[PDB]
Structures are given as C-alpha cells and as structure tokens.
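**Student:** Below you'll find the structure I mean.
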Amino acid sequence: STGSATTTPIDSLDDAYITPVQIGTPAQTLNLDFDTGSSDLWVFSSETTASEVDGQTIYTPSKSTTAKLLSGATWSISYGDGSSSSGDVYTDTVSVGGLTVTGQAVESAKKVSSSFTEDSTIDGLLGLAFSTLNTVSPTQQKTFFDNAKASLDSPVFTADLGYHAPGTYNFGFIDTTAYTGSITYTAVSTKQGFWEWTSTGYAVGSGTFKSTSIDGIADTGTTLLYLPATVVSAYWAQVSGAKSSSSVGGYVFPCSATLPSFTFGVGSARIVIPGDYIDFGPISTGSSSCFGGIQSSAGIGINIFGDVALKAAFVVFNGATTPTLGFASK
C-alpha cells in the first residue's frame, strides 16, 4: 500500500504545516501537524476542556463506530517550545492520503497549553519519530508509520515541504519526479528516538564550505533551523545590522536586508537554503526589525534541522531495519 497527502502552511510565514487526516467511522477529518520530532498522535476532542478549544475541529469518539477506549491508558507530552497536552486514549481507524491503519492509538486531549488553544489551524499532532518516544502509559503505543510499515510497498515516508506553498507527505514510495539529481543517504542514530544524523558542514552565501560535523535531528514539527552558536554567528555576521536580541529571543535583522543563502552538507552533497527562506518577517506588526530563521541551539541541547532547512529538500525518512535519511535538491 501507499498514501499521499498534501501539506499546507498554516500562515504566510510557514510557521507550521497541516495535513488532513481521517479518523473514525464515518470519517472525521482533522488537520494535524505531522511532526518527525515526536511520537504521539493526539487530537483536540470532545473531551478537551471547553475553555481550551478556540476554533479547532474536534474528534468525537462517541460518533465513531470503530472507536474503542484503550482502558487505563493516559498520555502527557511536553515539547521543546514549552507547550504541552495530555489526556486519555482511544484506538480507531486512521487514514492519511488513502493509507489506512486500523487500531491506531488516537490520544484524546483533555488539556492543552495556551499555544495550542491560540492556534485555531492545528487540530493536533501526528508524530513520526521513533515509537520509543511515545508517551502512552502504561502500554506504550506505536506511531502511524510504525503501524503502517509492514503493509507499505517500501518502509519509507517522504517530506516535501513548500516555501510559502503546499507540499506533500508520501508513505510507502519515493516519487522520482519530485526532486532533481540524486538522493544522498546518510546514517541515523535512533538512540534518542529522533531522526538524528550528522551534517558534514555549511557555507554562508557564496562563501567557502566549512567541513565540520553537526549532529542534529530532522524535525518537521520545528519551524526554524537551530545550529551551534559559532555557525549562527558566522551567518548573521554577513547581514548588516543583524544582532542577537535577548529581549526578542534570538537574532533579528533589518527588514530592509537581502539575506544570504545557507548551505548544509549531506555527505558530499549540498542543500542550499535560499536567503528568502530565512526571513520570518517583522518581530511585531509594523516593526522594521525582522526575525531570523536561523537561530542558536545553545541551551536546547540538540541541533534541529526544522522546516527552514527541510523545505529546501526532498527528504526520505527510511524506516528499514537500519533507518537512514535521504536528501535531494528539488
């Protein structure tokens, strides 16, 4: 089997991407944030505290003929941005882009933090990291990908995120029309439950490539590119008037600037992030200070190849017995 679903930016900055997901019988379609940095499929629901729901579409298990309470199971998750959610668990039928899993754990939120409530466009998350990170207790649950894997034509999914445009998540096949050149594969460590890999270095604009190992995760659920402070300083030093602002919480730059590109290495291959991808617009409405898309990972404890980096590539998440990542230009 295979599946193919379009993923759509939630706003004009590509702050996140939403993908429609069918849950239950008859189908209830929710728009979920597919997150390769976590392993829980959780949704706004009929159980979510009413004051914490503000425009999201909810899953109502009582209206699904295939929903079953997973008796005694609870979940609770905290993300890198300080957000959180928790609740109880149902199993149900879940379909993505025509690919169906029966008996998927659907984590129903009883509580969500303010950042979730305030984002009316995201109805929940669909985790695509390794199932060792799943938070369900006392019986840990499998991701949608892990449950689908054995049925798929090939044990893979691909992320093809757009810049200010829709893109695609495919399951079970690699669309050879969706990228240019060849795919370069690179090793993955699953020791922290992430799609963790080592980039071979970077360049700023037209500058020379610096060969240096940068360990980090491929994380579709993180907006920005978070790298070591040395790398990030080298980037922003090429932008007149850019500075790190402790008041704003990262590097800002004059909105009048033209930003340089940023290249990262994948083995001997190179992915180029155009400068425009690094502009996250005014820090507050009407400001002439703009927020940068490349930020320091210092204090986060891991480097994160988030959407700024991934949207410049066609990315293969290869879930074979020994997982690997693939990157191609597009």
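Scheme for the structure tokens: letters A, B, ... for chains in order shown; per-chain residue numbers from 1; ligand numbers from 1 in order shown.
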Name all residues at most 12 Å from residue 154 of chain A (count only C-alpha atoms; drop same-chain ones fewer than 4 positions away) and give them as a compact mmCIF listing (two decimals) with C-alpha atoms, in the first residue's frame.
**Tutor:**
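Written output follows (result.txt):
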# COMPACT_ATOMS: atom_id res chain seq x y z
CA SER A 1 0.00 0.00 0.00
CA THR A 2 0.91 3.69 -0.25
CA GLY A 3 -0.54 7.02 0.81
CA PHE A 145 4.16 4.98 10.41
CA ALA A 148 1.59 1.09 8.56
CA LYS A 149 5.15 -0.03 7.83
CA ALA A 150 4.68 -3.76 7.20
CA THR A 158 8.96 11.40 2.44
CA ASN A 170 4.09 10.35 0.85
CA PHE A 171 4.07 6.95 2.56
CA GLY A 172 5.46 3.76 1.05
CA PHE A 173 7.09 5.10 -2.11
CA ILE A 174 9.65 7.64 -3.36
CA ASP A 175 8.23 9.97 -6.09
CA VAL A 316 13.39 10.49 2.71
CA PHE A 317 12.71 9.00 6.13
CA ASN A 318 13.82 5.39 5.53
CA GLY A 319 12.38 3.11 8.22
CA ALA A 320 14.15 -0.06 7.09
CA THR A 321 15.66 -2.32 9.79
**Student:** Enumerate, as a list in words, the complete set of residues in segment 30-227 of chain A that a backbone-based DSSP assignment places in alpha helix (DSSP H).
**Tutor:**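 Across segment 30-227 of chain A, those assigned alpha helix (DSSP H) are residues 114, 115, 116, 117, 118, 144, 145, 146, 147 and 148 of chain A.
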**Student:** Keeping only C-alpha atoms, take the residues you just selected and write them out as a JSON list (two decimals), in the first residue's frame.
**Tutor:**
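Output file result.json is given in full below:
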[["chain", "number", "residue", "atom", "x", "y", "z"],
["A", 114, "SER", "CA", -2.21, 28.08, 25.69],
["A", 115, "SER", "CA", -0.11, 27.97, 22.47],
["A", 116, "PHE", "CA", -2.32, 25.08, 21.18],
["A", 117, "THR", "CA", -5.58, 26.87, 22.11],
["A", 118, "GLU", "CA", -4.37, 30.08, 20.43],
["A", 144, "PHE", "CA", 1.01, 5.72, 12.47],
["A", 145, "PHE", "CA", 4.16, 4.98, 10.41],
["A", 146, "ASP", "CA", 5.25, 2.09, 12.60],
["A", 147, "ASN", "CA", 1.71, 0.54, 12.37],
["A", 148, "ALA", "CA", 1.59, 1.09, 8.56]]
**Student:** Could you check the closest approach to residue 177 of chain A for each of A:251, A:330, A:282, A:15 and tell me which residue wins, using only C-alpha atoms?
**Tutor:**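 For residue 177 of chain A, the nearest of the given residues is A:330.
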**Student:** Quick one: residues within 12 Å of residue 182 of chain A, only C-alpha atoms, excluding same-chain residues fewer than 3 positions away - as a tab-separated table (two decimals) with C-alpha atoms, in the first residue's frame?
**Tutor:**
chain	number	residue	atom	x	y	z
A	174	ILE	CA	9.65	7.64	-3.36
A	176	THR	CA	11.19	10.17	-8.51
A	177	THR	CA	9.50	13.20	-10.21
A	178	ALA	CA	9.57	15.30	-7.00
A	179	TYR	CA	13.35	16.03	-6.83
A	185	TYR	CA	21.52	8.91	2.09
A	266	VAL	CA	24.73	15.78	3.44
A	268	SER	CA	29.43	15.00	-0.21
A	269	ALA	CA	26.17	16.62	-1.33
A	270	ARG	CA	24.95	20.14	-0.55
A	271	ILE	CA	21.44	21.55	0.15
A	313	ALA	CA	14.99	19.49	0.14
A	314	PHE	CA	13.11	16.35	-0.75
A	315	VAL	CA	13.62	14.30	2.44
A	316	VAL	CA	13.39	10.49	2.71
A	326	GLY	CA	17.91	10.82	2.33
A	327	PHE	CA	18.18	14.37	0.99
A	328	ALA	CA	17.79	15.60	-2.57
A	329	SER	CA	17.61	19.08	-4.09
A	330	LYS	CA	14.35	20.00	-5.78
**Student:** Just checking: using only C-alpha atoms, which residue out of A:267, A:250, A:293, A:207 ends up closest to residue 238 of chain A?
**Tutor:** A:207
**Student:** Would you mind listing, for every residue of segment 186-296 of chain A within 12 Å of segment 66-90 of chain A, the two atoms forming the shortest contact and the distance between them in Å to one decimal, using only C-alpha atoms, sorted by chain and ascending residue number, as JSON lines?
**Tutor:**
{"residue": "A:219", "atom": "CA", "partner": "A:80", "partner_atom": "CA", "distance": 11.3}
{"residue": "A:221", "atom": "CA", "partner": "A:79", "partner_atom": "CA", "distance": 9.9}
{"residue": "A:222", "atom": "CA", "partner": "A:80", "partner_atom": "CA", "distance": 8.8}
{"residue": "A:223", "atom": "CA", "partner": "A:81", "partner_atom": "CA", "distance": 10.6}
{"residue": "A:224", "atom": "CA", "partner": "A:81", "partner_atom": "CA", "distance": 11.6}
{"residue": "A:226", "atom": "CA", "partner": "A:80", "partner_atom": "CA", "distance": 11.9}
**Student:** Using C-alpha atoms, can you export the residues from the last selection as a short mmCIF file (atom, residue, chain, number, x, y, z; two decimals), in the first residue's frame?
**Tutor:**
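Just written: out00.cif:
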data_model
loop_
_atom_site.label_atom_id
_atom_site.label_comp_id
_atom_site.auth_asym_id
_atom_site.auth_seq_id
_atom_site.Cartn_x
_atom_site.Cartn_y
_atom_site.Cartn_z
CA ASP A 219 12.21 17.73 12.69
CA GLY A 221 7.47 20.00 13.72
CA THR A 222 10.06 22.74 14.38
CA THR A 223 9.75 25.91 12.29
CA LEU A 224 13.35 27.17 12.30
CA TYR A 226 18.75 25.71 15.17
#
**Student:** Give me the residues near residue 308 of chain A as a PDB file with N, CA and C atoms, in the first residue's frame, where near means some atom within 8 Å (using only C-alpha atoms) and where sequence neighbours in that chain fewer than 2 positions away do not count.
**Tutor:**
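Result file is out-v4.pdb:
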ATOM      1  N   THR A 223       9.786  24.956  13.405  1.00  0.00           N
ATOM      2  CA  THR A 223       9.749  25.910  12.288  1.00  0.00           C
ATOM      3  C   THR A 223      11.144  26.222  11.753  1.00  0.00           C
ATOM      4  N   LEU A 224      12.058  26.552  12.645  1.00  0.00           N
ATOM      5  CA  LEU A 224      13.349  27.175  12.304  1.00  0.00           C
ATOM      6  C   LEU A 224      14.490  26.185  12.275  1.00  0.00           C
ATOM      7  N   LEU A 225      15.659  26.663  11.846  1.00  0.00           N
ATOM      8  CA  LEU A 225      16.926  25.914  11.804  1.00  0.00           C
ATOM      9  C   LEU A 225      17.741  26.353  13.009  1.00  0.00           C
ATOM     10  N   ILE A 273      19.718  26.535   1.150  1.00  0.00           N
ATOM     11  CA  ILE A 273      18.533  27.242   1.660  1.00  0.00           C
ATOM     12  C   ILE A 273      18.605  28.657   1.123  1.00  0.00           C
ATOM     13  N   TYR A 277      14.127  32.156   2.491  1.00  0.00           N
ATOM     14  CA  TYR A 277      13.559  31.131   3.408  1.00  0.00           C
ATOM     15  C   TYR A 277      13.882  31.495   4.860  1.00  0.00           C
ATOM     16  N   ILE A 278      14.879  32.345   5.083  1.00  0.00           N
ATOM     17  CA  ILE A 278      15.417  32.647   6.418  1.00  0.00           C
ATOM     18  C   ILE A 278      14.710  33.894   6.978  1.00  0.00           C
ATOM     19  N   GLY A 293      15.490  33.188  10.598  1.00  0.00           N
ATOM     20  CA  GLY A 293      15.118  31.781  10.532  1.00  0.00           C
ATOM     21  C   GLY A 293      16.188  30.795  10.898  1.00  0.00           C
ATOM     22  N   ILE A 294      17.387  31.291  11.127  1.00  0.00           N
ATOM     23  CA  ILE A 294      18.492  30.502  11.627  1.00  0.00           C
ATOM     24  C   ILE A 294      18.794  31.050  13.022  1.00  0.00           C
ATOM     25  N   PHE A 305      17.312  20.539  12.537  1.00  0.00           N
ATOM     26  CA  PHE A 305      17.033  20.839  11.133  1.00  0.00           C
ATOM     27  C   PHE A 305      15.524  20.868  10.996  1.00  0.00           C
ATOM     28  N   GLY A 306      14.931  22.020  11.287  1.00  0.00           N
ATOM     29  CA  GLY A 306      13.495  22.212  11.195  1.00  0.00           C
ATOM     30  C   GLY A 306      13.098  22.621   9.796  1.00  0.00           C
ATOM     31  N   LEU A 310      14.436  21.785   6.011  1.00  0.00           N
ATOM     32  CA  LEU A 310      13.818  20.639   5.299  1.00  0.00           C
ATOM     33  C   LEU A 310      13.088  21.106   4.080  1.00  0.00           C
ATOM     34  N   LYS A 311      12.472  22.284   4.078  1.00  0.00           N
ATOM     35  CA  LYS A 311      11.680  22.731   2.917  1.00  0.00           C
ATOM     36  C   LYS A 311      12.575  23.003   1.710  1.00  0.00           C
ATOM     37  N   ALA A 312      13.885  23.153   1.891  1.00  0.00           N
ATOM     38  CA  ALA A 312      14.822  23.295   0.772  1.00  0.00           C
ATOM     39  C   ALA A 312      15.133  21.948   0.120  1.00  0.00           C
TER      40      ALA A 312
END
**Student:** Between A:323, A:9, A:24, A:286, which residue has the minimum interatomic distance to residue 166 of chain A, considering only C-alpha atoms?
**Tutor:**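 Under the stated criterion, the closest residue is A:9.
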**Student:** Which is closer to residue 167 of chain A than all the others in A:203, A:252, A:43, A:18, using only C-alpha atoms?
**Tutor:** A:18
**Student:** Assign secondary structure with DSSP using the backbone only, and return the residues of segment 72-239 of chain A in strand (DSSP E) as a VMD selection string.
**Tutor:** chain A and resid 72 to 78 84 to 96 99 to 112 124 to 127 156 to 160 167 to 171 184 to 187 196 to 204 210 to 218 225 to 227
